[PDB]
Amino acid sequence: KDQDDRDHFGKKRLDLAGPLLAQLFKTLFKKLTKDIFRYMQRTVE
Amino acid sequence: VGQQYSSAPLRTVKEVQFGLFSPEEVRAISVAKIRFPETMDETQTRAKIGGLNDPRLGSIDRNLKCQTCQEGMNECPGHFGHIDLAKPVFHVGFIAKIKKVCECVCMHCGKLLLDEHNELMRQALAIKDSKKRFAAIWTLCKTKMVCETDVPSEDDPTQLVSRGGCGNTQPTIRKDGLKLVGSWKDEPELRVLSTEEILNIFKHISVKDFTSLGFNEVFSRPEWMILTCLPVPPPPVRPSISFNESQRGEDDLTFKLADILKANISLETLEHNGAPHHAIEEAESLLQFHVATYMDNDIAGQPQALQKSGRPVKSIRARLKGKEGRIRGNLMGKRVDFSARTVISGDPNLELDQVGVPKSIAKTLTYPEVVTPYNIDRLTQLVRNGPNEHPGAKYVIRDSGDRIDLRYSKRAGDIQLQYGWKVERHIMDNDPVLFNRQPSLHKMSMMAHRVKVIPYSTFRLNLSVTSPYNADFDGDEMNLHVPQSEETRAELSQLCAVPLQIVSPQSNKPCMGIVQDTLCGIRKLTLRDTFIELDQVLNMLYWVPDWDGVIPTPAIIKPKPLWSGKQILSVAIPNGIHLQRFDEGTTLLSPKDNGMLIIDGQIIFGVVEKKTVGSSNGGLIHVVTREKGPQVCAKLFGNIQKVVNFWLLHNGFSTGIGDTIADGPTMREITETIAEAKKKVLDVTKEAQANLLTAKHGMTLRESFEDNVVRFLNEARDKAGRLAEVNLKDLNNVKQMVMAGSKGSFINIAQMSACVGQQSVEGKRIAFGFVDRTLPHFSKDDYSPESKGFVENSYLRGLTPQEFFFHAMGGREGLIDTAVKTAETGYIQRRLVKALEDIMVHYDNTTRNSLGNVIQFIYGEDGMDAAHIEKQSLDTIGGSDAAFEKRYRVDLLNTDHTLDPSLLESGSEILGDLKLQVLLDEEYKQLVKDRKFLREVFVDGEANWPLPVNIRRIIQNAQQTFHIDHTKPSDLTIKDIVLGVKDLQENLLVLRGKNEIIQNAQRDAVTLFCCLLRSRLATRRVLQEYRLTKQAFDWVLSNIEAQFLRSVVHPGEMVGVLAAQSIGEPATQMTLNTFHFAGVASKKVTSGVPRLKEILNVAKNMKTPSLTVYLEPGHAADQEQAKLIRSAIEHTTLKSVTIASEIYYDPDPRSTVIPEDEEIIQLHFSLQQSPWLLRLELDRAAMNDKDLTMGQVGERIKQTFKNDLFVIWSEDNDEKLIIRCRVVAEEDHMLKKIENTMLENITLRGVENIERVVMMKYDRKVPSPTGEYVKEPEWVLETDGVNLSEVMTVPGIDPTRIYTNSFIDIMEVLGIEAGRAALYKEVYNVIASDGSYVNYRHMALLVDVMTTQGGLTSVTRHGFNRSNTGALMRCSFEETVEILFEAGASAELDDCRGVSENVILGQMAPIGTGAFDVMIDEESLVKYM
Amino acid sequence: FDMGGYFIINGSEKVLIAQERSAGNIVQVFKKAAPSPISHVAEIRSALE
Amino acid sequence: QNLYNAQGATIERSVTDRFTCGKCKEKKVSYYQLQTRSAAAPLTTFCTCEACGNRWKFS
Amino acid sequence: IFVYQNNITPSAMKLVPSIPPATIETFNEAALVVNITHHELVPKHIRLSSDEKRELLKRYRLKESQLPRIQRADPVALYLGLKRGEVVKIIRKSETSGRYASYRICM
Amino acid sequence: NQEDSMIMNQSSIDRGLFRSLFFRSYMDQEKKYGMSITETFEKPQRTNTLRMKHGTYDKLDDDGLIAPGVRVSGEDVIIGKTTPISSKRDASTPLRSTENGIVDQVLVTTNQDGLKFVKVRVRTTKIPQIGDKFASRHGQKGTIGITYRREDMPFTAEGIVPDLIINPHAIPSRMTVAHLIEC
Amino acid sequence: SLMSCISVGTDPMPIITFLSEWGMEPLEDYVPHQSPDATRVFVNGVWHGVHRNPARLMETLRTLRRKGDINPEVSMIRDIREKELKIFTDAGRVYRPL
Amino acid sequence: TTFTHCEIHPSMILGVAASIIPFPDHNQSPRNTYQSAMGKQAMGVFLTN
DNA sequence: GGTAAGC
RNA sequence: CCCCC
DNA sequence: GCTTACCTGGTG
Ligand SMILES: [Mg+2]
Ligand SMILES: [Zn+2]
Ligand SMILES: [Zn+2]
Ligand SMILES: [Zn+2]
């Protein structure tokens, strides 16, 4: 067999607004998720 | 110039003494103590505090208040203050040097670890250069890890003498961030060495010891690399950006200093108080951090001292670091006043050297004129006009310093001017101004023009001047700079004026010609068919400004007087202009209206086009610049355009699709042509597909097939191309431009009307990007013209979708390269300039740099200016010895070989004259001696070389001047000629000196010119060919003398930059890729930009190393000889001949398990070991190619393993070629070990590193017995890999002729002289392969610079920039800050002899107009009254 | 005539530019250059949805 | 075969009468084009004389 | 002049500078097989006398520093057995002038 | 029209050929400084304001804004604002130094916070001139070189005159055949 | 290009469930020496198992998508030479209509 | 005979910019690349609002 | 992200 | 950025 | 023989 074509278009992905937004929303939610854990640790109630 | 009179004497900087501040000096030069982190607010009161951001160090508030000095903003340099550091701290810049100094001195007593008692040390202490000496002392002392009390005495090695006791063991110092950690010697004593500890032993280093290290007793003691008292820079260095009252943003430095301060107050508090000692170490290291991070905030040790914003804090070091840096961005280049920029537009009605300046710009830009009795009235009127009318003025500068603003001054209407006042008036018509087009790659990118104030918003320029600028009118912008002195404007007009730049010294040819409309129209105007009638003839004549007012007699008189185009264009050509040409079928009665003949500025025959009126070396332009001067020439551009342009405005010219539409039957021809080639392709396909296609030396059946295909399709594009181009009439507008030379070529006609042709990506036809197909529209395994990118249609017919895509694939190719190359091509340009900057021609004709080191003893080896050099033919060199003798030999003593009495009056009485024959015998003997010598210099016989003084033209002009009668005898004598030429040679002066060195140097410089001179003024030639008169011949000698002298270089020539730019500009145009040898591997070359880098970088690991081995004389024609030499050279391993190797369990040595090996046993037996058999089979073909036999191979294995292995083998004629091996706990696995080393590293035949050798049949030009140069081909071995050393001593080669692209390897084997010779060959070959031409002297100079140091000095930061040249100059390229620190620590002295140093200091450089001084002579000043 | 497909952030219209990347979960074989001791490499850049 | 193998690569080059040499003045010219300038201006055309062996350029 | 086959032992190589004013030169037999001075690219290098050198420096108004340099280990410097300081006159063919002479100071 | 430039019919230019509109919108906000310390949109006057711009404040209405329809030139004040840093400071906006035109639209609104927000659009007509860039759809870019009126222009017997004159030299090397076929 | 689009990202599970029903043997159950010929079935670069008659499965998949039952964006390729069947549910694939 | 698919229109291989060029199949490749980039420096009507 | 001259 | 040979 | 430390076109 011959070496893989590292430049074949079929092996390429174009990340649009959707996945790009999905990337932020995941880190942003997980940042709020751990911030909620700060409130729960500080909790005397 | 820094405002208001100073009584102090004004002087220039002659020397810069670099050093380091003693802490004592910082305190001595301080104005304020500095002690509060707080910057301002007197508690809250907005005004600066007694601590930071000064009392005292300067001012703010644009309120004078600068401490007693009390000078105010512009006038006040700031004043430094200090901060006393609570604990000493290392300076970042010197951390490494400190390590190295500690590594050289005993960490206890401060003594040097080595001394005079050590022989190696004595050798180092002898080193003159401090930098090299410290490097040596360190390399020695670093390993010394005890401070010896006693060492062996100079005489007795058994006895010892006390040196300087102590005897303490030294640590092994490692740098831990900003800390220095030692390891003395159970397990080692690890400890961090304190700053105080280091400082102390540095303070204890002997003067003699620190002077032996790079240091200076006065200017830079090593102890000063440790900081103790920090200088606080004044506000001008760290300005507080005020956002209007009670809002001010301090500089990053101001903030950093506050942190240093805060860290320091902290440490001082703990030190004084109850020091917890492990808290003290923290505040100490923090102080260290800030002090480090203030100067350099880009340390390897990651934490990057950030601003509370997340920004990283601008280190002082960061402000200086190049391009935008202080040096590069503010000193080498500046943003400047008296400048302008707009869109450039073209103008046929402007003289070559004028520049159309928009009024708005003219009214803005202002030249400052001094009120003199000559201008008093004129300037008075411009002042009255004010700043708003065109001939106007903006300001009036009084005796009393301050300037009057004419737009506001209540007195602006009044103002009675006085002598000496300056009037700042608007830029006006004829003011010399510097016009520029970026990127400024040449001297011609910037030229001086005369203003012409005009309406509309564009700078208008003459079309001819477009080419030097490399400008077009598709919205290009150009720059204008206004000179302000009567002195700088003379520099512009007398040195940089557009007409002075006509002939470029880069290419040694003119760099401006006739273009576009005028070039097209000039061909059209000058055909036989073109006649003009009175009406227009008059307007045409009236258009030439210089016209004599005389109506020329029409060519046709008869019942309709008609003038020919040629006839009237001749009016634009000045009188006394002679030019002869001869193109293809050209006779004196030119039938095609070919070539060119101009007699006394009147066209006799031929059409005028790119050849006559372009920027050709013998073109009407060149001849006019040379024969009449730049000003007459510049006038000529103007005149030719004014006439031709007018005629064209009236004739017209166009282009349409009609001009692309090639004939019906021609289209049939073109279609069957493409289909015919397509057939050949299919045939070569079916041949290849049926395994019948034959190999090709240019290997691979596949590579071979593609060659045939590619060629067939190229022959097709070009055959169809011609068919069309041939079928278009002489009326075809496209052809009419192609003919004039104005636009387009044959390719353009072929592609537009016949066939586009084959598309190429990476030098190969469109690849299978998909699996076995170029597009999904095709089948798999399709090698058809169509599938692999052949566009068969013309742009006129249109492209098919596939063709469209493949054309796009190959289109993109160029655009990628240009995008990639751009930075690499740029940085090469800079390095060349920075390396050659300081090279200039001195008043002794020598070529020297800033240090005054000789680079060339005479500029470009001849001492001539490249603008005065023209390719001339050295006749004597070629032809038969017989024809030479015919042409030159004069024998008065022989009836048949005397001079004919028809040739000279003396002819009848000269026959038999023995006394004159002795003279003609000298003449001929020298001419022969010359021919012999020329054939030594130029080995190939090449006759055409660029030399000063075009002798062809001088004789030609003498003949047209004196009306030479080629049918009358000459009044010349043989003595007149023989002795005449001899005396002329004595006056062709390049050098002057009344000593043998200079007189010999002079004789030498003129050697090649005199060869030409003697060859062109031989007695036989002068009389029988030129037919000169004494008067005529005298005029010739006279002119040669004058012209030669005009040709010598001018002391002051900035020859360095010139050469850098002459190699730089063509480099700019080379390609990264090229792939001209793609589709043929086992033939690889580095070329273009990559090879230019390999060269300039003196790259050690080059991509294509190669020996070119020439064969021993009488064996160069024998192919079989060369094959044997190939076998002797190419590195042949055992692996190279082996088919396979096997391991068997063959337990009986007497009887083999393998039935094949039966015969091998019966031999190596007929006349305790190992049962494990290593058996390897060899390839007969492999073995036979390298002239090898079983015995030779076996014996090599027998010697590589000695008595460890048992080797037996098959003899040379047995069907299978085999070698059987046996060894002498385990056994098995150590045989796999033996087979690995066996294959991988056993040399059979050949030289190592030479991995592949090929035979070539190079054609060679050599003289025949008959004398004529003849093509005598020879066999040549071309290698793959280098070992010049071994291949040279190989029998049967010509070791006098051997060569490598690896000049670095030539340098090593043959010496620096041969190294330089090879390097030139290499430099030349990169530029020239690209088609490009650079005059020798430029490349000569670069190669010389890279070579004068004894070895190869790269045009890199490591190479030239590490030389003995002045600090400031070297810091201007690459290692800016690092250079300056080293300059300080080693107390460097810059003599400001270099350009860069005078630029940084804003002083006139010793360059061109600065290469001498100007003095008033009171003696003559009196005599003139 | 407006096409949409953009965002309004603090008044300005923002385009999220399509970012080309190498696909994940794909097996790729590459020959490693002569200076390296490793002859060839089998690579997989694997990430889950 | 080994003597055939030992000989190095040749490379023919397709020639045109259209262009004429400078030095030898011969119409045995072998060109090639390349996009050296911006996409605004045209290609370059690098000509080689397959006769004398001389190289040149175009606009 | 010592012409050795393979190598001169470091023990023996120590004795080389031990007898001044006499100078010892070591050349490998293999190095001497071909005379590099005979090469196409190698021009005539001429050893200058102390007086000829004095004049060269005088005539061009030079510091020894300002002269182009030749390495001591240079194949041609070794061939002429050039000592440090010795200047060599180099006569090369020029495509510009006919002949051109350079000078190199052996350092 | 040599070396990538072109001749344009001045008559055509008069009759409206290639004329364009140019708009530029200037924005400003009343800044809030914690406790009531807020900027104001007003026509300031040298009577305690003391850091005013050089251009005319005279075009502004008492609300510190220009009425649309007004002509504006040079570095004239188009938006008037003060900063209460203490009495007043100038915060006014001059029309871009190198510009001129007519105030087209002025909008007084509110930012999400609740502060006065102002946007000011300025309109100008740009007419084809000598240095002006033009291009066809074939990478055939160029500037105007000169502009001739109808009489000086070449003419067909039909009385038709060109609007533009491009150079024959543009065509052969560029091989812009599509341009010719378009035409 | 004017008609290109980018795959949004579908769920692979209904295709995985469909495949195994259509004759795809689990990767645990595979015996290389008992069927080396067998076509390796790949979904989003995950080897799921093998198929004995890949020609039929390929047609049953293509017609199922053409009908609408498998999202038109899901890509399916059969490499006869390497004995592989690649299925992409994957988001970010540039595709065109034909 | 083996055809599986047919192209809808080959002119659909071009983008938005190169779609505006008249007869782009009658031009030298880089002319089309150059005009693609240029229409961005143009002006007409971007929206009716 | 490429080359070389440091340890 | 957005433009250039 | 590996790790570090330098660099990377021009205007606006
Ligand atoms: Mg341009
Ligand atoms: Zn002061
Ligand atoms: Zn000691
Ligand atoms: Zn030729």
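Residues numbered from 1 in each chain as written, not as in the entry; some residues may be left out. Chains lettered and ligands numbered in written order. Part of a larger assembly, values for the part shown. Heavy atoms only, no water.

- This deposited entry lists X-ray crystallography as its structure determination method and 3.30 Å as its resolution.

### Thoughts on the coordination of the zinc ion (ligand 2)
All names here are of chain B.
Right, on to step 1. In this structure, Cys-66 (SG), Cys-69 (SG), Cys-76 (SG) and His-79 (NE2) serve as the protein donors to the zinc ion (ligand 2), at separations of 2.0 to 2.5 Å.
Right, on to step 2. Seen from the zinc ion (ligand 2), its 4 donor atoms lie at angles of 89 to 133°, and the figure they make is tetrahedral.
Right, on to step 3. All donors of the zinc ion (ligand 2) come from a single chain, and their spacing in sequence reads C-x2-C-x6-C-x2-H.
Right, on to step 4. Judged by its relative accessible area of 14%, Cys-76 is buried. (Donors = N, O, S within 2.8 Å, 3.2 Å for Na, K, Ca; no water. Tetrahedral: all angles 85-135°; square planar, octahedral: opposite > 155°, others 65-115°. Buried < 20%, exposed > 50% of the residue type's maximum accessible area, 1.4 Å probe, protein only.)

### Re the interface of chain F and chain B
Right, on to step 1. Tallying the contact residues gives 27 residues for chain F and 39 residues for chain B.
Right, on to step 2. Summing the contributions of chain F and of chain B, the shared interface buries around 2900 Å²; its carbon and sulfur component is 58%.
Right, on to step 3. The largest contributions to the chain F side of the interface with chain B come from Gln-2, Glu-3 and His-169 of chain F, which together make up 27% of the buried area.
Right, on to step 4. Linking chain F with chain B are 1 salt bridge, by the criterion used here.
Right, on to step 5. Between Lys-141 of chain F and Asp-474 of chain B there is a salt bridge, and its shortest N-O distance comes to 3.1 Å.
Right, on to step 6. At the boundary of chain F with chain B, the tally comes to 11 residue pairs in polar contact.
Right, on to step 7. Contributions of two or more residues to the side of chain F that touches chain B are made by β14 (141–148) and α2 (177–182) of chain F.
Right, on to step 8. Of all the elements, β14 of chain F adds the most residues to the side of chain F that touches chain B, at 5 residues. (Contact = heavy atoms within 4.5 Å. Buried area = accessible area lost by both parts, 1.4 Å probe. Salt bridge = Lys/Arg side-chain N within 4 Å of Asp/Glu carboxyl O. Polar contact = N/O pair within 3.5 Å; in protein donor to acceptor, adjacent residues only side chain to side chain. Helix = DSSP H or I, 4+ residues; strand = E, 2+ residues; numbered from the N terminus.)

### Describing the protein's contact with DNA strand K
Residues and elements named next belong to chain B.
Right, on to step 1. The full set close to DNA strand K counts 15 residues, and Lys-323, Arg-328, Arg-335, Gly-826 and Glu-1374 are the nearest of them.
Right, on to step 2. Take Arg-335: an N or O atom from its side chain is 3.3 Å from a phosphate oxygen of DNA strand K.
Right, on to step 3. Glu-1374 is positioned such that a nitrogen or oxygen atom in its backbone is 2.6 Å from a phosphate oxygen of DNA strand K.
Right, on to step 4. Ranked by the residues each element gives to the surface near DNA strand K, the list is headed by helix α25 (residues 801–836), at 5 residues.
Right, on to step 5. Partitioned by chemical class, the residues of the surface near DNA strand K number 3 nonpolar, 3 polar and 9 charged. (Near = heavy atom within 4 Å. Nonpolar A, V, L, I, M, F, W, Y, C, P; charged D, E, K, R; others polar.)

### Observations concerning the nonpolar core
All names here are of chain B.
Right, on to step 1. Ranked by internal contacts, the top residues of the largest apolar core, which has 80 residues, are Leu-836 and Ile-1129.
Right, on to step 2. Sort the elements by how many residues they give to this core and helix α44 (residues 1312–1329) lands first, with 8 residues.
Right, on to step 3. Filtering out sequence-adjacent residues up to four positions away, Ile-1129 remains in contact with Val-1109, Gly-1246, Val-1247, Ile-1250, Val-1253, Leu-1277, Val-1287 and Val-1290.
Right, on to step 4. Counting 66 residues, the second largest nonpolar core, distinct from the first, contains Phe-459, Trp-563, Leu-569 and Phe-637. (Core = buried A, V, L, I, M, F, W, Y, C linked by side-chain atoms within 4.5 Å.)

### What to know about the interface of chain B and chain E
Right, on to step 1. Counting from both sides, the interface comprises 55 residues of chain B and, opposite them, 41 residues of chain E.
Right, on to step 2. Around 4100 Å² of area is buried between chain B and chain E when both sides are counted, 56% of it from carbon and sulfur atoms.
Right, on to step 3. When the area that chain B buries against chain E is broken down by residue, the three leading residues are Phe-857, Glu-861 and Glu-1313 of chain B, summing to 19%.
Right, on to step 4. Scanning the region where chain B abuts chain E turns up 6 salt bridges.
Right, on to step 5. Residue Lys-93 of chain E is joined to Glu-936 of chain B by a salt bridge in which the shortest nitrogen-to-oxygen separation is 3.9 Å.
Right, on to step 6. When residues in the side of chain B that touches chain E are grouped by element, the largest group, 7 residues, is from α44 of chain B.
Right, on to step 7. Per-class residue counts for the side of chain B that touches chain E are 28 nonpolar, 16 polar and 11 charged.

### As for the sheet that holds strand β3 (residues 55–57) of chain D
Strands pair in a sheet through their backbones, by hydrogen bonds, and they do so in one of two ways: parallel or antiparallel.
All names here are of chain D.
Right, on to step 1. The 3 strands are arranged β1-β2-β3 in an open sheet whose pairing can be described as antiparallel. In this open sheet, the two strands that pair with only one neighbour each are β1 (29–30) and β3.
Right, on to step 2. Direction of pairing for strand β2 (residues 46–49) relative to β3: antiparallel, over a ladder of 3 bridges. Its bridge partner lying in β3, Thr-48 is registered against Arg-55. (Pairing = 2+ DSSP bridges.)

### Remarks on the protein's contact with RNA strand J
Right, on to step 1. In the neighbourhood of RNA strand J, the contacting residues comprise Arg-437, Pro-439, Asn-470, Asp-474, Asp-476 and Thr-822 of chain B, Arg-37 and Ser-38 of chain D, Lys-133 and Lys-141 of chain F together with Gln-41 of chain H.
Right, on to step 2. The sugar and phosphate moieties of RNA strand J supply 87% of its atoms located within 4 Å of the protein.
Right, on to step 3. Between RNA strand J and the protein, one listed contact pairs a phosphate oxygen with a side-chain N or O atom of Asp-474 of chain B at 2.9 Å.
Right, on to step 4. Measuring from a phosphate oxygen of RNA strand J, one finds a side-chain N or O atom of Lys-133 of chain F at 3.2 Å.
Right, on to step 5. For the surface near RNA strand J, the residue count by class is 1 nonpolar, 4 polar and 6 charged.

### Description of helix α20 (residues 630–651) of chain B
Right, on to step 1. Here α20 of chain B spans 31 Å end to end across 22 residues, near enough to the 32 Å set by a 1.5 Å rise per residue.
Right, on to step 2. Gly-652 of chain B sits one or two positions beyond α20 of chain B and adopts a positive phi of about 85°. (Expected span 1.5 Å × (residues − 1).)

### Thoughts on the arrangement of the chains
Right, on to step 1. In this assembly 14 pairs of chains touch, with chains B and E having more contacts than any other pair.
Right, on to step 2. There is a clear gap between chain A and chain H: no contact, and 15 Å between their nearest C-alpha atoms.

### What to know about helix α21 (residues 664–689) of chain B
All names here are of chain B.
Right, on to step 1. Here α21 contains 26 residues, and its C-alpha end-to-end distance of 37 Å stays within 8% of the 38 Å for a straight helix at 1.5 Å per residue.
Right, on to step 2. Turning to α21, its buried residues number three or more, namely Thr-666, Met-667, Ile-670, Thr-673, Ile-674, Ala-677, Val-681, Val-684 and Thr-685.
Right, on to step 3. Looking at the buried residues of α21, the elements they touch are α22 (701–727), α24 (746–754) and β31 (790–791).

### Points about empty space enclosed by the protein
Residues and elements named next belong to chain B.
Right, on to step 1. Space inside the largest cavity adds up to approximately 390 Å³.
Right, on to step 2. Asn-849, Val-1345, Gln-1349, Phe-1360 and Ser-1363 are, among the 29 residues lining the largest cavity, the residues nearest its centre.
Right, on to step 3. Looking at the lining of the largest cavity, the elements that each hand over two or more residues are α25, β34 (854–856) and α46 (1367–1371).
Right, on to step 4. Looking at the lining of the largest cavity residue by residue, the classes come out as 12 nonpolar, 12 polar and 5 charged. (1 Å grid on protein atoms, 1.4 Å probe; cavity = no way out; pocket = protein on both sides within 12 Å on 5 of 7 lines; lining within 4 Å. Points joined across faces, edges and corners; volume = space filled by probe spheres on them.)

### Some remarks on the UniProt feature "binding site: Zn(2+)" in chain D
All names here are of chain D.
Right, on to step 1. In the UniProt entry, the feature "binding site: Zn(2+)" is given for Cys-21, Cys-24, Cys-49 and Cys-52. Across 32 residues in sequence, these annotated residues keep their C-alpha atoms within 8.9 Å of one another, forming a single compact spot.
Right, on to step 2. Contacts of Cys-24, omitting those with residues within four sequence positions, involve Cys-49, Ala-51 and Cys-52.
Right, on to step 3. Here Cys-49 lies in strand β2.
Right, on to step 4. Relative accessible area serves as the criterion here: at 2%, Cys-49 is assigned to the buried category.
Right, on to step 5. If we ignore the near neighbours within four places in the chain, the residues touching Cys-49 are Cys-21, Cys-24, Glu-26, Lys-28, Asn-54 and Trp-56. (UniProt positions renumbered as here; feature names shortened; annotations may be inferred.)

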